[PDB]
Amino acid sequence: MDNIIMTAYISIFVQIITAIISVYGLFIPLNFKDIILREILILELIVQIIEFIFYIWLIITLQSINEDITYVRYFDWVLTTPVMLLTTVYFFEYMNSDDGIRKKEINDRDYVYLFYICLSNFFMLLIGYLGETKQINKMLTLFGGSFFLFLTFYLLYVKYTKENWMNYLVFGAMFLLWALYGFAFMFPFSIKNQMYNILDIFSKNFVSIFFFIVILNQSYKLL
C-alpha cells in the first residue's frame, strides 16, 4: 500500500516533467514534411491530461483505500489506449511517407480500419475489466484479453509496418510493453498496482519524450 503510493508519486513527478516538455514541443518549428509529429504530440498531451486526472484521483483515494480500486484504471485506459494506437499508426505512416502526410488524410482514407483496431482494443479492455472486477475467472480473462491484444497488434502490423525496420523495432517494443499489462493482471493488488504505476511512465510519458526528441531533431535539421 505504501509502495503503491510511492510509485504513484514517482509517476506523477515524471508526468509533470513530460507535460511541460510536451507543451514546449507544440511551439517548436517544423518543415511541412514533419507537422504530423506535432499532431501526434497534441494527442499524447490529451492522453497525459486523462492519465494525470486518474493519478490525482488515485493519490487522494489511497489516503483511505478500503477496497481493490485497480478496476478504476480502465476508465483511463478506455479513453487513452485507442488514442495511443492512432498515434502509432500516424508515426508508422510518417516513417513510410516521402511527402508530409497529415493525420486528416490517414483518417479520411483508413477510418474503417482504425475503427476495427480500436474495437479489438475495446474488447481486450472489456474482458480485462470483467476479470479485474471478478465477474469472470483470471484464466478466461488472460485468454480473451491476450486474443484481442494479438488481434489489435496484428491489424496494426499488416497494414502500417510496410517492411520498415524502424516501424518493426517500435512495434516490438510497444507490443512487449502492452503485454506486461497482461502479466501485471496476474499479481496481487499491491504488486499489480505498483507495476501499472511504472508501466504508465513507459507507455505514455517516455513515448511523449521520444516524439519530443524526434520533433527537436527534425526542427534542428530544418534550421
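Quick note: we count residues from 1 along the sequence shown, nothing fancier.
State which stretch shows the higher mean Cα B factor in the entry: 99-107 or 141-149.
-> Comparing 99-107 with 141-149, the higher average CA B-factor belongs to 99-107.
If you average the Cα B factors in the entry, which is higher, 116-124 or 90-98?
-> Comparing averages over the C-alpha atoms only gives 90-98.
Using the entry's values, work out which of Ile42, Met195, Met166, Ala173 has the largest Cα B factor.
-> Comparing C-alpha B-factors across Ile42, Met195, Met166, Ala173, the top value belongs to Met166.
CA B-factor ranking of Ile35, expressed as a third of its chain | Middle third by C-alpha B-factor.
Determine, from the deposited record, the chain-internal third of the Cα B-factor for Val214: lowest, middle or highest.
-> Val214: CA B-factor falls in the middle third of its chain.
Lowest, middle or highest third: where is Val158 by Cα B-factor in its chain?
-> Within its chain, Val158 is a highest-third residue by C-alpha B-factor, going by the deposited values.
CA B-factor placement of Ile17, once the chain's modelled residues are sorted into thirds | Middle third by C-alpha B-factor.
Using the B-factors in the PDB entry, rank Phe27's C-alpha atom against the chain and give the third, lowest, middle or highest.
-> Ranked within chain, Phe27 CA B lands in the highest tercile.
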